[PDB]
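See below for the structure under consideration.
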Amino acid sequence: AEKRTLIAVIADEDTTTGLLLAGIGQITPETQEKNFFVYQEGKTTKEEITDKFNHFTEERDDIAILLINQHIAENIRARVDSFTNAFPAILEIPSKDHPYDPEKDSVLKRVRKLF
Amino acid sequence: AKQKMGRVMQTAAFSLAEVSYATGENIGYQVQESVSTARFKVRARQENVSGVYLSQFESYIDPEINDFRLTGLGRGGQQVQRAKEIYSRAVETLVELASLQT
Amino acid sequence: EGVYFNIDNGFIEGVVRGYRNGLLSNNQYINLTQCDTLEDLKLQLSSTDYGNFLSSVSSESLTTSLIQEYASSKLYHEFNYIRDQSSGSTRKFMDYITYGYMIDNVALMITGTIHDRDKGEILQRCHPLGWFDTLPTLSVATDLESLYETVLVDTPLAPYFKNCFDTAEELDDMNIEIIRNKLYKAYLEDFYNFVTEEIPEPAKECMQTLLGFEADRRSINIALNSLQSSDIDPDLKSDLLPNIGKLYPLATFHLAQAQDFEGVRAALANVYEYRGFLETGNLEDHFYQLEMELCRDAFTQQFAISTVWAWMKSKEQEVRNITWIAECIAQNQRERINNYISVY
């Protein structure tokens, strides 16, 4: 669909600030909804991550690509693995304050079979 | 390319992190509100490789504005202009990984 | 003559000079750079008067942000202890130092009108130097117009208002930037006026010269960066510029009335003291390098508050170098090891 234009970010502020600096996001006053759900270390629970994942994927047709920290996805790792659709283009973005491992990817799990 | 990107993104994050305190003040609080225009959006590109539809992603780069009125305060305007283009390149590079995953 | 100085401010000089003697030279910095793990860096630091309070405190969760937080905490404690042994004139002077800080603190509070970021969490990251206990921002209407008078009465920053009534009801990026610009302009102007009339002789020249240098570097940054991501009319360029740069009163107009890159190059290159838009690596790094030569010169007298003013920034530069090394160590990108300045 051509509505696959906006980009979703669920990541720590150290990355979200820079991403918005690059000009990827904006403010959507029609719903007063940012293009991202800011993340606070040791202050944000896991149910919020699941709710925002569902909202971005199955409630918002705007998102084309989703960027989520490895540790944030760890809170919804089961949810991420269970959901596998081409529309949102879920992508486990590297996370600041953590040296990202390019082997925790839910997408790469299917790559790990049938080389 | 997965691990290559996993490392270059951290390199860019480090490049901006050393910039964020050159001005010696928070930048995120103003950033998360100032951003109201989008440039690095995407478009659905079509390419029937073998008679099979494939909606690919084209990096719709719009290098005319990213965030308005966030530089020139007098201590940190120049510094943020340095590592910002690093992310401008990194996001374009990251678009293609999702284009391939689809 | 300085004979009258040591009637109420002897231990101020003693403690500031001792802390200055506590500065770590490049000899310790090179050893600290060789360390690779966070534990190695912290244990190397523990062998210095700068340490023994950062290491052996955490649970080996040392991060660059936490390193910066803990490193600056002891400097704040030193400043507050000197406050705890202050004097009349010294106390009436410290408010000036803290003005440049709660300027930005209240700017952040104003910005937090539609987002409602709590005061405590703001203090967890903003400058506590500016904090004053009588700041009930997120307890009454946080609207900038309604809170305008509340802040006006909370702290006596009213005289620093240059027609701040109108155009103070936007809650927008332009408003938040211009308020900081005007606040810095008025604050530095009034501080320069104060020191020029009420301060002992030995500080009279050092304070004015250092203020002029800082005001110049502050004025240039609002002209070079006025053509990087936004534009504005030259009238506001002149307005936000300080009335007197204290190093050049003529080239400020040259900067203001120009709107292109090379309409300002001559304004800065004429003085023949700093290269025009050149010798630029990390611009603020070069600013620190140039300013610290003067700050060291300020540490040569023993009868002026110049010692305290220079040591405030000396410890902040110590923290700056610590962060410059911690960024490359913790993030494991060894490219900032040589990016540190130490002239003490």
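Labels used: A, B, ... for chains in the order of the structure tokens, numbers from 1 for residues in each chain, and numbers from 1 for ligands as shown.
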Between chain C and chain B, at 8 Å or less, what are the per-residue closest atom pairs and their distances in Å? Count only C-alpha atoms, order by chain and rising residue number, and return it as a Markdown table.
| residue | atom | partner | partner_atom | distance |
| --- | --- | --- | --- | --- |
| C:111 | CA | B:30 | CA | 7.8 |
| C:125 | CA | B:26 | CA | 7.7 |
| C:126 | CA | B:26 | CA | 7.1 |
| C:173 | CA | B:69 | CA | 5.8 |
| C:174 | CA | B:69 | CA | 6.0 |
| C:177 | CA | B:73 | CA | 5.9 |
| C:178 | CA | B:73 | CA | 7.7 |
| C:180 | CA | B:73 | CA | 7.3 |
| C:181 | CA | B:73 | CA | 6.4 |
| C:218 | CA | B:74 | CA | 5.4 |
| C:219 | CA | B:74 | CA | 6.7 |
| C:220 | CA | B:74 | CA | 7.4 |
| C:221 | CA | B:74 | CA | 4.4 |
| C:222 | CA | B:74 | CA | 4.5 |
| C:223 | CA | B:72 | CA | 7.0 |
| C:224 | CA | B:72 | CA | 7.5 |
| C:225 | CA | B:72 | CA | 4.5 |
| C:226 | CA | B:72 | CA | 5.1 |
| C:228 | CA | B:71 | CA | 7.3 |
| C:229 | CA | B:71 | CA | 6.3 |
| C:230 | CA | B:69 | CA | 5.8 |
| C:282 | CA | B:79 | CA | 7.6 |
| C:283 | CA | B:79 | CA | 7.6 |
| C:284 | CA | B:22 | CA | 6.3 |
| C:285 | CA | B:22 | CA | 7.7 |
| C:324 | CA | B:18 | CA | 6.9 |
| C:327 | CA | B:18 | CA | 6.4 |
| C:328 | CA | B:14 | CA | 7.8 |
| C:331 | CA | B:14 | CA | 6.5 |
| C:333 | CA | B:11 | CA | 7.2 |
Tell me the residues of chain A close to chain B, meaning within 8 Å using only C-alpha atoms, as a PyMOL selection string. chain A and resi 1-2+4-7+13-15+17-28+64-65+86+89-91+93-96+99-102+107
Using only C-alpha atoms, select each residue of chain C with any atom at most 10 Å away from an atom of chain A, and give the selection as a list in words.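 Written out as asked, the residues are residues 63, 64, 65, 330, 331 and 332 of chain C.
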Could you pull out the strand (DSSP E) residues of stretch 1-44 of chain A, going by DSSP on the backbone, and write them as a ChimeraX atom specification? /A:6-10,27-28,33-34
Can you spit out the residues from that selection as a tab-separated table (two decimals), in the first residue's frame, using N, CA and C atoms?
chain	number	residue	atom	x	y	z
A	6	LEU	N	5.15	6.43	6.73
A	6	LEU	CA	5.71	6.82	8.02
A	6	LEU	C	6.60	5.71	8.57
A	7	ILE	N	7.46	6.09	9.51
A	7	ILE	CA	8.43	5.20	10.12
A	7	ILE	C	8.19	5.17	11.62
A	8	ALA	N	8.19	3.97	12.19
A	8	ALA	CA	7.96	3.78	13.62
A	8	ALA	C	9.28	3.57	14.34
A	9	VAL	N	9.42	4.18	15.51
A	9	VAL	CA	10.61	4.06	16.34
A	9	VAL	C	10.17	3.78	17.77
A	10	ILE	N	10.68	2.70	18.35
A	10	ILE	CA	10.53	2.42	19.77
A	10	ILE	C	11.94	2.17	20.29
A	27	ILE	N	5.47	15.58	14.17
A	27	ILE	CA	4.36	15.54	15.11
A	27	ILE	C	3.08	15.45	14.31
A	28	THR	N	2.20	14.53	14.71
A	28	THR	CA	0.93	14.35	14.02
A	28	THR	C	-0.19	14.94	14.87
A	33	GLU	N	-0.09	12.42	18.04
A	33	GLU	CA	0.71	11.21	18.17
A	33	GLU	C	2.04	11.41	17.47
A	34	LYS	N	3.13	11.18	18.20
A	34	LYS	CA	4.45	11.21	17.60
A	34	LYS	C	4.63	10.00	16.69
Determine, counting only C-alpha atoms, which protein, DNA and RNA residues have an atom within 8 Å of an atom of stretch 249-255 of chain C; residues of the same chain fewer than 5 positions away are not included. Present the result as a ChimeraX atom specification. /C:223,238,241,243-244,263-264,267-268
For the selection just defined, write its residues with N, CA and C atoms to a file, as a PDB file, in the first residue's frame.
ATOM      1  N   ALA C 223      25.657  33.829  14.886  1.00  0.00           N
ATOM      2  CA  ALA C 223      25.743  34.331  13.520  1.00  0.00           C
ATOM      3  C   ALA C 223      26.203  33.273  12.533  1.00  0.00           C
ATOM      4  N   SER C 238      20.768  41.760  15.251  1.00  0.00           N
ATOM      5  CA  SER C 238      21.317  42.809  16.103  1.00  0.00           C
ATOM      6  C   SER C 238      20.747  42.728  17.514  1.00  0.00           C
ATOM      7  N   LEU C 241      22.305  39.972  19.583  1.00  0.00           N
ATOM      8  CA  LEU C 241      23.719  40.197  19.825  1.00  0.00           C
ATOM      9  C   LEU C 241      23.900  41.079  21.059  1.00  0.00           C
ATOM     10  N   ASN C 243      25.075  44.104  23.404  1.00  0.00           N
ATOM     11  CA  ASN C 243      25.281  45.510  23.071  1.00  0.00           C
ATOM     12  C   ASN C 243      26.763  45.823  22.921  1.00  0.00           C
ATOM     13  N   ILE C 244      27.590  45.295  23.818  1.00  0.00           N
ATOM     14  CA  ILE C 244      29.032  45.494  23.787  1.00  0.00           C
ATOM     15  C   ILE C 244      29.703  44.130  23.872  1.00  0.00           C
ATOM     16  N   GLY C 263      30.100  37.491   4.431  1.00  0.00           N
ATOM     17  CA  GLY C 263      29.849  38.785   5.033  1.00  0.00           C
ATOM     18  C   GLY C 263      30.188  38.853   6.502  1.00  0.00           C
ATOM     19  N   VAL C 264      30.567  37.721   7.089  1.00  0.00           N
ATOM     20  CA  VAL C 264      30.988  37.660   8.483  1.00  0.00           C
ATOM     21  C   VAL C 264      32.438  37.232   8.638  1.00  0.00           C
ATOM     22  N   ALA C 267      34.577  40.234   9.537  1.00  0.00           N
ATOM     23  CA  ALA C 267      34.273  40.739  10.869  1.00  0.00           C
ATOM     24  C   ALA C 267      35.063  40.018  11.950  1.00  0.00           C
ATOM     25  N   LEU C 268      35.337  38.727  11.769  1.00  0.00           N
ATOM     26  CA  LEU C 268      36.091  37.951  12.744  1.00  0.00           C
ATOM     27  C   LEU C 268      37.578  37.882  12.434  1.00  0.00           C
TER      28      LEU C 268
END
Chain A: which residues are alpha helix (DSSP H) by DSSP, as a ChimeraX atom specification? /A:13-21,47-54,70-75,77-82,106-111
When you look at stretch 129-134 of chain C with a cut-off of 7 Å (counting only C-alpha atoms), what residues show up, excluding the ones that are within fewer than 2 positions of it in the same chain? I need them as JSON, numbers by chain. {"C": [98, 99, 101, 102, 105, 127, 136, 154]}
Only C-alpha atoms, please: the residues just picked out, written as a PDB file, in the first residue's frame.
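Contents of result-v7.pdb, as written:
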ATOM      1  CA  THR C  98      23.921  30.668  39.109  1.00  0.00           C
ATOM      2  CA  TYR C  99      21.933  33.094  36.918  1.00  0.00           C
ATOM      3  CA  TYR C 101      22.146  28.265  34.936  1.00  0.00           C
ATOM      4  CA  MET C 102      18.598  28.798  36.092  1.00  0.00           C
ATOM      5  CA  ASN C 105      16.476  25.718  33.889  1.00  0.00           C
ATOM      6  CA  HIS C 127      21.806  21.915  35.820  1.00  0.00           C
ATOM      7  CA  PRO C 136       6.603  25.499  41.744  1.00  0.00           C
ATOM      8  CA  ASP C 154       9.917  33.511  42.409  1.00  0.00           C
TER       9      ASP C 154
END
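Interatomic distance, atom CA of residue C:141 against atom CA of residue C:106: 14.5 Å.
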Which residues, written as a PDB file with C-alpha atoms, in the first residue's frame, have at least one atom at most 9 Å from residue A:39, with only C-alpha atoms counted and residues fewer than 2 positions away on the same chain left out?
ATOM      1  CA  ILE A  10      10.530   2.416  19.770  1.00  0.00           C
ATOM      2  CA  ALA A  11      14.002   3.168  21.102  1.00  0.00           C
ATOM      3  CA  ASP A  12      15.917   4.999  23.804  1.00  0.00           C
ATOM      4  CA  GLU A  13      16.125   8.784  23.678  1.00  0.00           C
ATOM      5  CA  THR A  16      15.300   8.822  18.996  1.00  0.00           C
ATOM      6  CA  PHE A  37       7.026   5.950  21.557  1.00  0.00           C
ATOM      7  CA  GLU A  41      15.424   2.994  30.857  1.00  0.00           C
ATOM      8  CA  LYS A  43      10.979   3.434  33.938  1.00  0.00           C
ATOM      9  CA  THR A  44       8.963   1.923  31.070  1.00  0.00           C
ATOM     10  CA  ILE A  72      13.000  -3.223  24.191  1.00  0.00           C
TER      11      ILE A  72
END
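Interatomic distance, atom CA of residue C:317 against atom CA of residue C:341: 8.2 Å.
Interatomic distance, atom CA of residue C:236 to atom CA of residue C:209: 26.0 Å.
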Restricting the calculation to only C-alpha atoms: of A:80, A:108, A:68, A:114, which residue gets closest to residue A:92?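 The answer is A:68, which sits nearest to residue A:92.
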What lies within 10 Å of residue C:9 using only C-alpha atoms, ignoring chain neighbours under 3 positions off, as a PDB file with C-alpha atoms, in the first residue's frame?
ATOM      1  CA  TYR C   4      42.365  44.330  52.581  1.00  0.00           C
ATOM      2  CA  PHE C   5      41.463  41.091  50.787  1.00  0.00           C
ATOM      3  CA  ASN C   6      42.264  38.704  53.653  1.00  0.00           C
ATOM      4  CA  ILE C  12      38.137  30.868  50.116  1.00  0.00           C
ATOM      5  CA  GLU C  13      41.554  31.402  48.543  1.00  0.00           C
ATOM      6  CA  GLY C  14      42.998  28.489  50.502  1.00  0.00           C
ATOM      7  CA  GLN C  85      31.464  28.789  54.224  1.00  0.00           C
ATOM      8  CA  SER C  86      30.545  31.808  52.120  1.00  0.00           C
ATOM      9  CA  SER C  87      30.592  35.541  52.865  1.00  0.00           C
ATOM     10  CA  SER C  89      29.728  39.869  49.133  1.00  0.00           C
ATOM     11  CA  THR C  90      30.737  36.370  48.038  1.00  0.00           C
ATOM     12  CA  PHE C 303      43.777  38.392  45.785  1.00  0.00           C
ATOM     13  CA  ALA C 304      40.771  38.171  43.424  1.00  0.00           C
ATOM     14  CA  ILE C 305      37.731  36.001  42.763  1.00  0.00           C
TER      15      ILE C 305
END
